[PDB]
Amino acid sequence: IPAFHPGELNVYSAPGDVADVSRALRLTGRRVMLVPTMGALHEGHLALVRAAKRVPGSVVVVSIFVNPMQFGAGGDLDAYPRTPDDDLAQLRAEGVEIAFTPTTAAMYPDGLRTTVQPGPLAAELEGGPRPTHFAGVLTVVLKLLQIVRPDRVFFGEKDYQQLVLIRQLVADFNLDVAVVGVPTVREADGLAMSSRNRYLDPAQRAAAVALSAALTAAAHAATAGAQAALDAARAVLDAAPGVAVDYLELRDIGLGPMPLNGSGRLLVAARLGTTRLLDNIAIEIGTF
């Protein structure tokens, strides 16, 4: 197996290297935590790391890999933010002991061949206009899970549909990992942290507060019912300059084929210029 220096940041690119180190660590009683990311790390990612660090006897593995298979033609893959130096600097500051930074060739030596086919949820919301997006996400997450074999894996709640689908992956394939969702870290005004907030100009940044404002307004309006919650959120979004709403939907918490009962999730996606922002919030109807 390769070298592992505790208390320091060990960076591996070969899947076999991280697999060997992970398995060796687990066999000595350390529990392995995975935080899989596409890099361009921000305090929200750091919240995931800190959650992982809190598990007694944990060793934390952070993966950074911009996965080509969840993008389609149109420039999105090339445009994805890449800040490798800041990423690794942040991991050192947080006391992370393992970064896993695979090459595209190491992950996809045979190109696209066997893949994960998600359930019907993948064709809705974010997946509506992007039919293969979630198949790309679930395929890479499955791979990272098999390479690293963590005890627990950590995701932010901002991409809530992705998190739900990942829970479906884990249940449906009987994966022996616990999925931990971490509540969304926010800027002071309430804006959900995102690696894509950097693409908001000052005017768009100002207007972007409307998403979180709309969601929180709805969460409080919800004592008066679903229609009131939805209309409160719509009013706020409508009052906001240059916010073009793509959807605003209130669903059951698992987003699945069942109606809303008392507990729901309200999800929003909107464009500000060319920048697509997402946010979501827990909703209790009538209310709790």
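The numbering used is simple: start at 1 and walk along the sequence shown. If you superpose the two forms and keep the largest set of C-alpha atoms that fall within 1.5 Å, you have the rigid core.
Here the rigid core sets the fit, and in 9 other deposited structures of this protein the C-alphas of 253 to 261 stray farther than those of the other stretch, out of 253 to 261 and 28 to 36. Compared against other deposited entries of this protein, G75 counts as often unmodelled, lacking coordinates in at least a third of those that resolve the residues around it. Once the C-alpha B-factors are averaged per stretch, 55 to 63 and 256 to 264 rank with 256 to 264 first. As the entry records it, the average C-alpha temperature factor is higher for 237 to 245, out of 40 to 48 and 237 to 245. Taking the deposited Cα B-factors for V170, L91, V140, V164, the highest one is held by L91. In the deposited coordinates, the residue among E157, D151, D87, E126 with the greatest CA B-factor is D87.
The deposited CA B-factor of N197 belongs to the middle third of values across its chain. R82 sits in the highest third of its chain by CA B factor, as recorded in the PDB entry. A3: CA B factor lies in the highest third for its chain, per the PDB record. Placement of the Cα temperature factor of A282 within the chain: middle third of the modelled residues, per the deposited record. When the modelled residues of the chain are ordered by C-alpha B-factor, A73 sits in the highest third.
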